[PDB]
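Q: This is the structure, below, for whatever I ask next.
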Amino acid sequence: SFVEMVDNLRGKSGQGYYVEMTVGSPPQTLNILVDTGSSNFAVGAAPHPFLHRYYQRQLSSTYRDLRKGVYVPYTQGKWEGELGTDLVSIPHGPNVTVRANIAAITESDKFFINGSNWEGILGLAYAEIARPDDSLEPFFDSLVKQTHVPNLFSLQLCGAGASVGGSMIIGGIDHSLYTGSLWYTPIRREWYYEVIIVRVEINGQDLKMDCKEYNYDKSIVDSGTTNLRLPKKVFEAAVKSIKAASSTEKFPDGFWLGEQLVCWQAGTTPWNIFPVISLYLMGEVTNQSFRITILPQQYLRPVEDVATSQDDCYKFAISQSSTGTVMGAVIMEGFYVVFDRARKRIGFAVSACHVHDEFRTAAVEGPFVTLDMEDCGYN
Ligand SMILES: CCCCNC(=O)[C@H](C)C[C@H](O)[C@@H]1C[C@H](C)CCCCCN(CC)C(=O)c2cc(OCC)cc(c2)C(=O)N1
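In PDB author numbering, the protein residues as written are -2 to 158, 168 to 385.
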């Protein structure tokens, strides 16, 4: 019984997906970015030039100070604040209210985004990576412990159609939101949502790297990062192959770094020259894997043309990483992703809001046979 949570996510392209939440008594409404890459629930609690509203602890009668400070650094951005607890609910989520830890953000650096329409972050990953330490219970843990909500959620992130939308199904799977079968990959370790990539193909050709390189030093599923982020060695190989496949057209080197945009006359984007990327994930049974296939419509993110919006302009949404693979929003978009915490696995299926290429199609396909998959995890 999940129809009430369908379409409960909003956002702007490249600025994250948010869900509406309320904090305190009486309830204060805030838009909260959904981040499977972290584990702290934090909200702006002091004025900031990019915040249209913030959490006012003095107006909540159920607020409780924990008299302990907190700091969270991310790959990009950081904030510091004061810890406390309060009553939290999700208007378009389960009909429950829980007491959860809340970090009241008092100072921040490159965290809030001008005009994003969100004021806080909901870290949905595990306690192991919560700050200041893993004794700070994350929100979803509190939700499961205090109510009957099952220990899982799913994310259906939909692309354009600059507005963006989607669904966060709290406590289950909504079968009307995907087609075909769900394919599951083990959660390697409960800290980030860590997975193991066992093979990479571009336009059907194996990159033929040591599969440890794909997971160096980890691979995570992260709704709070836009791009697909790849370790240096993998990024270089992927860009070389993508450049070769599209070499009939000229792009500035700044394009391949995410610095400059590429444009084409409206409706003439040469999709056919950009390859499909297949990520093979470790499966549920011995020597078995499955693949998810990414179309160029996912890793060429449309950007609104600031000048004369007569052209279709895009940014390369694959970037280099020094902290492992990050399967960001552009990978998740077009798939229905099940964070099955109870069974320690992540499921993928083709989304009902999938990308529409005229001759190619995003897919989740299996089974494949893959020997020695555990050797692909980095130690
Ligand atoms: C300390 C405990 C664990 C911390 N976890 C992490 O740091 C994760 C690995 C990352 C988080 O998901 C982390 C979450 C992030 C703050 C949410 C608010 C800002 C979203 C910005 N945005 C729009 C959607 C991006 O696209 C983007 C771009 C980035 O690089 C640009 C060069 C980095 C990150 C995000 C990023 O850092 N996103």
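C-beta atoms are modelled at their ideal positions from N, C-alpha and C, and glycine is treated no differently.
Spatial neighbours of residue 359 within its chain, please: C-beta separation below 6 Å, excluding the five flanking residues on both sides.
A: Taken in chain order, the residues that qualify are 155.
Q: Within 10 angstroms of its Cβ, does residue 279 collect 16 or more other Cβ (buried), or is it exposed?
A: Exposed: under 16 other Cβ atoms inside 10 Å.
Q: Can you give me the start and stop residues for the alpha helix (DSSP H) that residue 53 sits inside?
A: Run containing residue 53: none; DSSP gives neither H nor E here.
Q: Taking residue 236 as part of the alpha helix (DSSP H), name the residues at either end of that continuous run.
A: It is not in any alpha helix (DSSP H) - residue 236 instead sits in the beta strand (DSSP E) that spans 234 to 237.
Q: So who's on the other strand from residue 152, going by DSSP bridges?
A: BP columns for residue 152 point to 174, 343.
Q: Ligand 1 and residue 156: does the residue's C-beta get closer than 6 Å to at least one heavy atom of that ligand?
A: It does not: the Cβ of residue 156 is nowhere closer than 6 Å to a heavy atom of ligand 1.
Q: Please determine, among 93, 89, 40, 54, the residue with the shortest C-alpha to C-alpha distance to residue 75.
A: The residue with the shortest Cα to Cα distance from residue 75 is 40.
Q: Using 7 Å as the threshold, is the C-beta distance between residue 164 and residue 98 below it?
A: Within the gap of the chain, which runs from 158 to 168, lies residue 164, and it has no coordinates in the structure.
Q: Which of helix, strand or coil does DSSP assign to residue 247?
A: The answer is helix: DSSP assigns residue 247 an H, G or I state.
Q: Going by the CB atoms, is the gap between residue 334 and residue 225 shorter than 7 Å?
A: No, the pair does not count as a contact, with Cβ atoms beyond the cut-off.
Q: For residue 93, which of 267, 316, 140 has the nearest alpha-carbon?
A: Cα-wise, what sits closest to residue 93 is 140.
Q: For ligand 1, is there a heavy atom less than 6 Å away from the beta-carbon of residue 62?
A: Every heavy atom of ligand 1 is 6 Å or more from the Cβ of residue 62, so no.
Q: Alpha helix (DSSP H) containing residue 142: first to last residue?
A: Counting along the chain, the alpha helix (DSSP H) containing residue 142 begins and ends at 136 to 143.
Q: With 16 other CB atoms within 10 Å as the buried threshold, where does residue 182 fall?
A: That one is exposed.
Q: Under the criterion of a Cβ to heavy atom distance below 6 Å, does residue 117 qualify as lining ligand 1?
A: Every heavy atom of ligand 1 is 6 Å or more from the Cβ of residue 117, so no.
Q: Where does residue 215 sit, in a helix, a strand or coil, going by DSSP?
A: If DSSP states are grouped into helix, strand and coil, residue 215 belongs with coil.
Q: Of all residues in the structure, which have a C-beta closer than 5 Å to any heavy atom of ligand 1, taken in chain order?
A: Cβ-based neighbours of ligand 1 within the cut-off: 13, 32, 34, 35, 71, 72, 73, 74, 126, 228, 230, 231, 232.
Q: Round the Cβ separation of residue 164 and residue 236 to the nearest angstrom and send it over; I've been treating them as touching at under 8 Å.
A: Not modelled: residue 164, which lies between 158 and 168, the two residues flanking a gap in the chain.
Q: Tell whether a beta-carbon distance below 7 Å holds between residue 342 and residue 357.
A: Cβ atoms of residue 342 and residue 357: closer than 7 Å.
Q: Could you check the C-alpha separation between residue 369 and residue 355 for me, to the nearest Å?
A: Between residue 369 and residue 355, the C-alpha separation is close to 8 Å.
Q: Could you spell out where the alpha helix (DSSP H) holding residue 336 opens and where it closes?
A: Looking at the DSSP string, the run of the alpha helix (DSSP H) that includes residue 336 is 335 to 338.
Q: With distances taken from CA atoms, which of 69, 322, 241, 146 is nearest residue 117?
A: Of the candidates 69, 322, 241, 146, the one whose C-alpha sits nearest the C-alpha of residue 117 is 69.
Q: Taking 6 Å as the cut-off, is the beta-carbon of residue 302 closer than that to any non-hydrogen atom of ligand 3?
A: Ligands present in the displayed structure are limited to ligand 1, and ligand 3 is not among them.
Q: What does DSSP give as the partner residue(s) for residue 254 in the beta ladder?
A: In the DSSP output, where bridge partners are listed per residue, residue 254 has none listed.
Q: Taking residue 22 as the reference, give the member of 54, 5, 13, 145 with the closest Cα.
A: The shortest C-alpha separation from residue 22 is found at 54.
Q: Specify whether the region 182 to 198 and the region 281 to 293 touch according to this definition: at least 3 beta carbon pairs, one from each stretch, less than 8 Å apart.
A: Yes, they touch.
Q: Could you tell me the boundaries of the alpha helix (DSSP H) in which residue 106 lies?
A: Per DSSP, residue 106 belongs to no alpha helix (DSSP H); it is in the beta strand (DSSP E), 94 to 106.
Q: So which of 81, 101, 73 has the shortest CA-CA distance to residue 59?
A: When each option's Cα is compared against that of residue 59, the closest is 81.
Q: With DSSP collapsed to three states, give me the class of residue 359.
A: Reduced to three states, the DSSP call for residue 359 is coil.
Q: For the beta strand (DSSP E) holding residue 62, just list the boundary residues, first then last.
A: Element bounds for residue 62: 61 to 70.
Q: Under the three-state reduction of DSSP, which class applies to residue 272: helix, strand or coil?
A: Residue state, collapsed to three classes: coil.
Q: Using 8 Å for Cβ pairs, my map puts residue 228 next to residue 332. What's the rounded Cβ distance?
A: Correct: roughly 5 Å between the Cβ atoms.
Q: Roughly how far, in whole angstroms, is the beta-carbon of residue 204 from the beta-carbon of residue 379, given that I think they are within contact range, below 8 Å?
A: The Cβ separation is near 5 Å, so the contact holds.
Q: In the DSSP assignment, what are the bridge partners of residue 224?
A: None; residue 224 has no bridge partner.
Q: Can we say the region 249 to 262 touches the region 35 to 52, given the rule of at least three CB pairs closer than 8 Å?
A: They do not touch, by the three-pair rule.
Q: Return the CA-CA distance between residue 277 and residue 223, expressed in angstroms with no decimal places.
A: So the two alpha carbons sit approximately 32 Å from each other.
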